[PDB]
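By convention in this document, chain letters (A, B, ...) are assigned in the order of the sequence lines, proteins followed by strands, and residues within each chain are numbered from 1.
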Amino acid sequence: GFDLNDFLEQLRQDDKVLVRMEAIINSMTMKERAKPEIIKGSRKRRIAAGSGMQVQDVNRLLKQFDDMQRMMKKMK
RNA sequence: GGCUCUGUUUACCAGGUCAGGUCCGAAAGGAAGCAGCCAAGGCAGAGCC
Ligand SMILES: [K+]
Ligand SMILES: [K+]
Ligand SMILES: [K+]
Ligand SMILES: [Mg+2]
Ligand SMILES: [Mg+2]
Ligand SMILES: [Mg+2]
Ligand SMILES: [Mg+2]
């Protein structure tokens, strides 16, 4: 069950992306990391400000996560 | 009802500490602040008033 914890560990095998991507996840709660679909507008705003990013950066991380979760489902 | 103890629970919506990330600064230095943790609140059991 590929989640943001798994993704975060993949980001830990950029700081031009990797450190910033890790930071966004580091502003999340464990429920958010476990079930990223619950992250809607208000949680995105909290995560963005808490990581010094914009909401569009959070959107981009979530999209990258989503693409990886789709690919892991299919490779498996 | 109050207080205490114990268990549990709680993204943000004036608490503390604030990793990471962020901001200001040439630096020296500063600042805001999410997660966690802590406090506190919620739900209960027990004890006391
Ligand atoms: K308690
Ligand atoms: K905090
Ligand atoms: K920090
Ligand atoms: Mg809080
Ligand atoms: Mg605070
Ligand atoms: Mg720091
Ligand atoms: Mg600078």
Sticking with atom [atom1], work out how far [N] lies from [M], rounded to a whole angstrom.
N	M	atom1	answer
B:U8	B:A39	P	14 Å
B:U22	B:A32	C1'	9 Å
B:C37	B:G7	P	16 Å
B:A28	B:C3	P	49 Å
B:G33	B:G16	P	9 Å
B:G20	B:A35	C1'	9 Å
B:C18	B:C38	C1'	11 Å
B:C34	B:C12	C1'	9 Å

Requested in this report: Please classify the sugar of B:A31 as north or south using the torsion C1'-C2'-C3'-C4'.
Outcome: north
Once you apply the 3.5 Å cut-off to both distances, tell me the Watson-Crick or G-U wobble partner of [N], or none.
N	answer
B:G1	B:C49
B:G15	B:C38
B:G21	none

Rounding to an integer number of Å, can you tell me how far [X] [atom1] sits from [N] [atom2]?
X	N	atom1	atom2	answer
A:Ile24	B:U22	CD1	P	11 Å
A:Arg12	B:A19	CZ	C1'	11 Å
A:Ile25	B:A11	CD1	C1'	16 Å
A:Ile38	B:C12	CD1	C1'	12 Å
A:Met21	B:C34	CE	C1'	18 Å
A:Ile39	B:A35	CD1	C1'	12 Å
A:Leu11	B:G21	CG	P	14 Å
A:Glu22	B:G36	CD	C1'	17 Å

Could you pull out the closest heavy-atom pair between [X] and [Y], with the gap in Å?
X	Y	answer
A:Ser51	A:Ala23	CB-O, 3.8 Å
A:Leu18	A:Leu11	CD1-O, 2.8 Å
A:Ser27	A:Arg46	O-NH2, 2.9 Å
A:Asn26	A:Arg33	O-NH2, 3.4 Å

Query raised in the report: So which of A:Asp67, A:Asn59, A:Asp66 actually passes side-chain hydrogen bond (donor to acceptor under 3.5 Å, both in side chains) with A:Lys63?
Result: A:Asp67
Query raised in the report: Can B:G29 and B:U6 be counted as a Watson-Crick or G-U wobble pair, both distances below 3.5 Å?
Result: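 Donor-acceptor distances not both below 3.5 Å, so no.
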Query raised in the report: Is there a path of hydrophobic side-chain contacts, each under 4.5 Å between heavy atoms of I, L, V, M, F, W or Y residues, that connects A:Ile38 with A:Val55?
Result: no
Query raised in the report: Looking at the strand neighbours B:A14 and B:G15, are the centres of their six-membered rings under 5.5 angstrom apart while the planes meet at under 30 degrees?
Result: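 When the rule is applied to B:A14 and its neighbour B:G15, the answer comes out as no.
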**Report entry** Aromatic plane relationship, A:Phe65 with A:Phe2 - under 30° parallel, 30 to 60° tilted, over 60° perpendicular
**Finding:** parallel
Requested in this report: Enumerate the residues from residues 41-51 of chain A whose closest heavy atom to RNA chain B is under 4.0 Å, giving them by residue number; use none for an empty result.
Outcome: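 Result for residues 41-51 of chain A: A:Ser42, A:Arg43, A:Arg46, A:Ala49, A:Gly50, A:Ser51, sorted by number.
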**Report entry** Members of residues 27-36 of chain A that approach RNA chain B, where some heavy atom sits under 4.0 Å away
**Finding:** A:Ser27, A:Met28, A:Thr29, A:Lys31, A:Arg33
Query raised in the report: In a check of side-chain contact (heavy atoms from CB on, under 4.5 Å) between A:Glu32 and each of A:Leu4, A:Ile39, A:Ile25, A:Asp3, which one passes?
Result: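 Result for side-chain contact (heavy atoms from CB on, under 4.5 Å) with A:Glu32: A:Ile39.
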Report task. Could you check A:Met21, A:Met28, A:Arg20 and say which one makes a side-chain contact (heavy atoms from CB on, under 4.5 Å) with A:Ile24? Result ->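 It is A:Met28, the one option of A:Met21, A:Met28, A:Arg20 that forms the side-chain contact (heavy atoms from CB on, under 4.5 Å) with A:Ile24.
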Report task. Check the surroundings of atom CD in A:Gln10: do more than 12 heavy atoms from other residues, nucleotides or ligands lie under 6.0 Å from it? Result ->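 Count over threshold, so yes.
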**Report entry** Full working for side-chain contact (heavy atoms from CB on, under 4.5 Å) between A:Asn5 and A:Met30
**Finding:** CA-CA 9 Å; A:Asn5 303 300; A:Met30 280 269 131; 3.6 Å; yes
